[PDB]
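Q:
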Amino acid sequence: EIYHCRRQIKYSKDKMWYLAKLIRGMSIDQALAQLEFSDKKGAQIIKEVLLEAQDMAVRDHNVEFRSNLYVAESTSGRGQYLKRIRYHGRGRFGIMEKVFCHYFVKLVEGXXXXXXXXXXXXXXXXXXXXXXXX
Amino acid sequence: XXXXXXXXXXXXXXXXXXXXXXXXXXXXXXXXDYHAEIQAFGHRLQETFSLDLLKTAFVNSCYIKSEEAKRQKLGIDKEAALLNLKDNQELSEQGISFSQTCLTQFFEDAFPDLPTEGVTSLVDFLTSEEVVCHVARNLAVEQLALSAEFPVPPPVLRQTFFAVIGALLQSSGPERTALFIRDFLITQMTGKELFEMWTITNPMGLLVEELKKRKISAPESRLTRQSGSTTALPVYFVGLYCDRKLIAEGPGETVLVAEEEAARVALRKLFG
Amino acid sequence: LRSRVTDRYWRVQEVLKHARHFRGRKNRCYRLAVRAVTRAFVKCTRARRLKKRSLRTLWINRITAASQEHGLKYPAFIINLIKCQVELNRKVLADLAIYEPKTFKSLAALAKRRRXXXXXXXX
Amino acid sequence: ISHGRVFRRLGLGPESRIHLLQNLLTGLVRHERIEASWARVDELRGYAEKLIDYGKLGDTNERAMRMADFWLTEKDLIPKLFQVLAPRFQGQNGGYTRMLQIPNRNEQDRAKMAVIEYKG
Amino acid sequence: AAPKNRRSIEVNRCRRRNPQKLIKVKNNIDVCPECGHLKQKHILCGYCXXXXXXXXXXXXXXXXXXXX
RNA sequence: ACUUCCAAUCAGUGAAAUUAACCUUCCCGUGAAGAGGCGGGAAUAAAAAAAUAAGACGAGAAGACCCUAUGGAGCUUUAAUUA
RNA sequence: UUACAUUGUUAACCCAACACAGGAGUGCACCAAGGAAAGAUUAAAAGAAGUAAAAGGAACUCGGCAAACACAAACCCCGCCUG
RNA sequence: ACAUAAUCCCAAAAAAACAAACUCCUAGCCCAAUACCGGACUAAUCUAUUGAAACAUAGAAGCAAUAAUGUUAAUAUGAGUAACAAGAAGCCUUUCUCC
Ligand SMILES: [Zn+2]
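Below, the structure written as structure tokens:
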């Protein structure tokens, strides 16, 4: 498995998670194209992370075929918070919290296989007949 | 002290993500000796003889091969454990044969009306590896078993169990064995599975064979009534008779399954 | 001078250990865990007290059903069983009302027999 | 309501809008091709065609002259428009002011970019 | 107005995930007919065009500087 | 009816008071006498966004009216007592 | 008596917790000085500022408030008035 | 004859049973509680003794926390909501436009 991580980078975790779930389960190529033409602040960063992950995959692991690489797991954690003073009216100060995001990428070789297909009639006729016999 | 409880909590929490394999030598906390085990073995069970054969019964070829392997590797000294396995295999051989004879006698005396095929099936199921090994593991024979490679695998515990059997055959004679085994096996069965594995192929035809052999009467299936249900399952009432005399009656979801169950009930009915 | 040490943390750890499988902060936070634990124990006691009532009612319903199958109601069957000097519990009576229809049929027959003999002796 | 209405707003006043059109058209006629937002471009098309047609009317004609002087203040654009750019489009009717799309977006507002160009 | 009580995790997740559908993924990817590079659909390439547009801008600046 | 700045959308930076926990419907009654948590009926697959301000005796101020305390302070005198 | 010296200017602006539509002294220009509403879309409700209107012209309302157009005339209370 | 949707708790019906910390049976740690009073014990610190990475014999307390619009710190909710930000073309530096 090929792991890559980026910490102490300042971006919205909730916003980066949008592009993080986007490439999860998807193949390297499709994820690359997506992140390239995806419009957001996380697009560039996650693109860099992916590119570095591919470079590490090729150089360190010495992978024979690049097409056998896909994205198995992607996650976004929260780092330290920078507290800033936001000046408001009537002599009151609010607390502006600048967040941070630690991006983690876990890659596994082999062809990507994901099936979300579920037959309704089969699952119903099986679960009902098994629940009636229990 | 807080250090000992933090260390105990850390060890107890470390054992959750790490599971060590079971070891046979470090299994028992107290020192394991041959005489202690055979002594308790003699105190629990009614009669126990031939301590040498009893110890040999728990000895497996793997432990001997591994021991000799270590002897050759290190090259320190040389000893001969060879006689153990050679003495064990004979006890196992006689054990299997006498077990077959004894169980055959059991099925012959208990169920005289049972056809040869049924006898063969019940014997094959009763002498099956999985069941006997399950009884073994349930009797905690694995604790008394000696295996160098691994304690768990069935080829060890099974051969060990049969060796114990044969040991009881030679030492204690048949009269004691007949008390021991016959008690456990029956208590283990408890199910309908006994006649179910013999019913796995053409239940109807088997009933035809039995009836033609005994009363020489061809079985006839006739639908006596039908209560339908379109939603879940329809219910057909199927009678099964010979010479106008009804042998059995039963409901079914489909005609096939209904005939199968009717043939099964009729199959166990003629068993007596 | 003493210290808080591990005592409070161990008590919280124990309560939260008993707070497992609970929903939300109650399986996380300590206070809500305690509040839920008290209710859990009270409900334990109360439901263990009313369990006999529920089982009794269920058994009475079953026996009532099996009785009505034979043409007589539950109270008449009870009275007949009382005058028959039958101390049999309704649990076993329900078990017979399910698995062994023959025994319940015999008891119902004797019930109708005692009822008819009493109605004929009263007239 | 927006029902049946051309002549968009784009967050600018009438004078600001007209001046914007004059500036974008200035750059367009000057460089022969320009890059701007898709809305401003699509809006600029029609006015560009109009100025071209006004150039096609006549050089001596006063109506076209004062119209051209009204929209374009710059003295450099007019002779290059009439003498050079106009005679090549003489045969064309709707064949000027082509619009194309730009692959990337701005790093700030990510505004969709488009280019307007006359036929060479 | 002010919130009556603190939001639970479940409601937050169900609100921030399902209805927004995250980011819907369509296919914008198409191969450039010229250089064969991967670019956006219904749009000019970002390889064989931006360099030619910069060369055309430098040629227009050089022509405008030579004419003056 | 129109114009512009907001509201609305997208992207960047990312608050606040409030908050016991919340799976949070309605009616008729009851409950310290005004119930989404009680009872009985009616209604209802699961989650948002742009809007309306009836309810959650909404949020915000330990009522500034009333009274209590052998509370405080200002002001005034033929209250009493006097450097 | 060397009174041919010593300091400072010319650096960038600052007071209101803030790179805050609020604040101040002196001389003269109003421009050849200086600042650009320096993220983008949408043309909903609704709000703020602004523009226009058929016919009536205060029928509104506590009051011609507000507001486009204008200020012709009447009569009282109080205070003289400039403050 | 009162003011949101009906029936005085569902539906209906017609004109001797079910059913409680009560009693009995079965076992034993033998028969509730607010204020208040009494008895017997556990967790933690330290000291004397003993034992040495887990304890009991006593003595000595800053000795057991869920609340005080508590204190301090961390982290949420509101919320990706309010709020902050209208010239343009080019080109290496100009032109046009606005106040
Ligand atoms: Zn290309």
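Protein chains in written order, with the authors' numbering: chain W, 70 to 203; chain h, 35 to 306; chain U, 10 to 132; chain R, 9 to 128; chain 5, 79 to 146.
Ideal Cβ positions, reconstructed from N, Cα and C, are used throughout, including at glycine.
(1) Between which two residues does the beta strand (DSSP E) containing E57 (chain R) stretch?
(2) Indicate whether at least one CB of chain R lies closer than 7 Å to the CB of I121 (chain 5).
(3) Which residues of chain R have a Cβ atom closer than 7 Å to the Cβ of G124 (chain 5), listed in chain order?
(4) Is there at least one non-hydrogen atom of ligand 1 closer than 6 Å to the beta-carbon of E112 (chain 5)?
(5) Using a Cβ-Cβ cut-off of 7 Å (strictly less than) and excluding sequence neighbours within five positions of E163 (chain h), which residues of its own chain qualify?
(6) Tell me whether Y72 (chain W) counts as near ligand 1, meaning its Cβ is closer than 6 Å to at least one heavy atom of that ligand.
(7) Given the structure, does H120 (chain 5) come close to ligand 3, in the sense that its CB is under 6 Å from one of the ligand's heavy atoms?
(8) Straight-line CA distance for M95 (chain W) to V140 (chain W)?
(9) Of all the residues that make up the region 91-122 of chain R, which are near chain 5 by a beta-carbon distance shorter than 8 Å?
(10) Going by DSSP in three states, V272 (chain h) sits in which element: helix, strand or coil?
(11) Taking the alpha-carbon positions, what's the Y68 (chain h) to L79 (chain h) distance?
(12) Just grab the DSSP bridge partners of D108 (chain 5) for me.
(13) At the level of alpha carbons, what is the spacing between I110 (chain R) and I121 (chain 5)?
(14) So with Cβ pairs under 7 Å, would you call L138 (chain W) a contact of chain 5?
(15) Please name the residue, chosen from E166 (chain W), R75 (chain W), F134 (chain W), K110 (chain W), that lies closest to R155 (chain W) on a Cα-to-Cα basis.
(16) Between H115 (chain 5) and ligand 1, is the CB less than 6 Å from at least one heavy atom?
(17) Comparing the C-beta of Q118 (chain 5) with each C-beta of chain R, is any distance below 7 Å?
(18) Quick check on this structure: which residue in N114 (chain R), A94 (chain R), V123 (chain R) has the alpha carbon closest to the alpha carbon of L108 (chain R)?
(19) Are the region 81-91 of chain 5 and the region 47-55 of chain R in contact at 8 Å, needing three or more beta carbon pairs?
(20) To the nearest angstrom, how far is it from the Cα of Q123 (chain h) to the Cα of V175 (chain h)?
(21) What does DSSP give as the partner residues of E166 (chain W) in its beta bridges?
(22) Mapping DSSP to helix, strand and coil, what is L108 (chain R)?
(23) Please confirm if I87 (chain 5) has its CB atom under 7 Å from at least one CB of chain W.
(24) Report whether the distance from the Cβ of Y62 (chain R) to the nearest heavy atom of ligand 1 is below 6 Å.
(25) When you compare only the Cα positions, how much space is there between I220 (chain h) and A212 (chain h)?
(26) Short of 7 Å in beta carbon distance, which residues of its chain neighbour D277 (chain h), apart from the five on each side in sequence? Order them along the chain.
(27) Per DSSP, what kind of secondary structure is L88 (chain h) in: helix, strand or coil?
(28) Which of the three DSSP states, helix, strand or coil, is assigned to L180 (chain h)?
(29) Can you round the beta-carbon distance between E142 (chain W) and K175 (chain W) to whole angstroms, since I take them to be within the 8 Å contact cut?
(30) Taking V103 (chain 5) as the query, report the chain W residues whose CB atoms sit under 7 Å from its CB, ordered along the chain.
(31) Is the region 36-49 of chain U close to the region 84-104 of chain U, with three or more CB pairs under 8 Å?
(32) My guess is that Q204 (chain h) and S84 (chain h) are in contact by the Cβ rule of under 8 Å, so how many angstroms apart are they, rounded?
(33) For a test of the three-state rule: what should DSSP assign to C74 (chain W), helix, strand or coil?
(34) In the structure shown, what three-state DSSP assignment does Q98 (chain 5) receive?
(35) Let me confirm a value: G129 (chain h) is counted as buried when at least 16 other C-beta atoms fall within 10 Å, else exposed. Which label applies?
A: To lay it out plainly:
(1) For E57 (chain R), there is no enclosing beta strand (DSSP E); the enclosing alpha helix (DSSP H) covers residues 46-65.
(2) Interface residue, yes.
(3) Chain R residues near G124 (chain 5): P111, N112.
(4) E112 (chain 5) Cβ: within cutoff of ligand 1.
(5) These residues qualify, in order along the chain: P188, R192.
(6) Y72 (chain W) Cβ: outside cutoff for every heavy atom of ligand 1.
(7) Looking for ligand 3 in the displayed structure turns up nothing; the ligands present are ligand 1.
(8) Going from the Cα of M95 (chain W) to the Cα of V140 (chain W) covers about 6 Å.
(9) From the region 91-122 of chain R, only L108, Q109, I110, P111, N112 have a Cβ closer than 8 Å to chain 5.
(10) Strand, per DSSP.
(11) Going by the C-alpha atoms only, they are around 17 Å apart.
(12) In DSSP, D108 (chain 5) forms a bridge with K117 (chain 5).
(13) Cα-Cα distance, rounded: 6 Å.
(14) Put simply, the CB of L138 (chain W) is far from chain 5, with every gap to its CB atoms at 7 Å or more.
(15) Of the listed residues, the one whose Cα sits closest to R155 (chain W) is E166 (chain W).
(16) Yes.
(17) By this cut-off, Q118 (chain 5) is an interface position.
(18) Cα-wise, what sits closest to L108 (chain R) is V123 (chain R).
(19) Taking a contact to require three or more Cβ pairs closer than 8 Å, the region 81-91 of chain 5 and the region 47-55 of chain R do not qualify as touching.
(20) Rounded to whole angstroms, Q123 (chain h) to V175 (chain h) spans 19 Å at the Cα level.
(21) According to DSSP, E166 (chain W) bridges with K152 (chain W).
(22) Note: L108 (chain R) maps to strand in three-state DSSP.
(23) Cβ-Cβ to chain W under 7 Å: no for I87 (chain 5).
(24) No - ligand 1 has no heavy atom lying nearer than 6 Å to the Cβ of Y62 (chain R).
(25) Computed Cα separation, rounded: 12 Å.
(26) If we look at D277 (chain h) and ignore the five residues flanking it on each side, its Cβ neighbours are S251.
(27) It is helical.
(28) It is a strand residue.
(29) So it is a contact: roughly 4 Å between Cβ atoms.
(30) In chain order: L91, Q103.
(31) Touching, no.
(32) Rounded to whole angstroms, the Cβ separation of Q204 (chain h) and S84 (chain h) is 6 Å, and the two are in contact under 8 Å.
(33) Strand.
(34) Per DSSP, reduced to three states, the secondary structure at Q98 (chain 5) is coil, with no helix or strand assignment.
(35) Counting the other Cβ atoms within 10 Å of the Cβ of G129 (chain h) gives 16 or more, which makes it buried.
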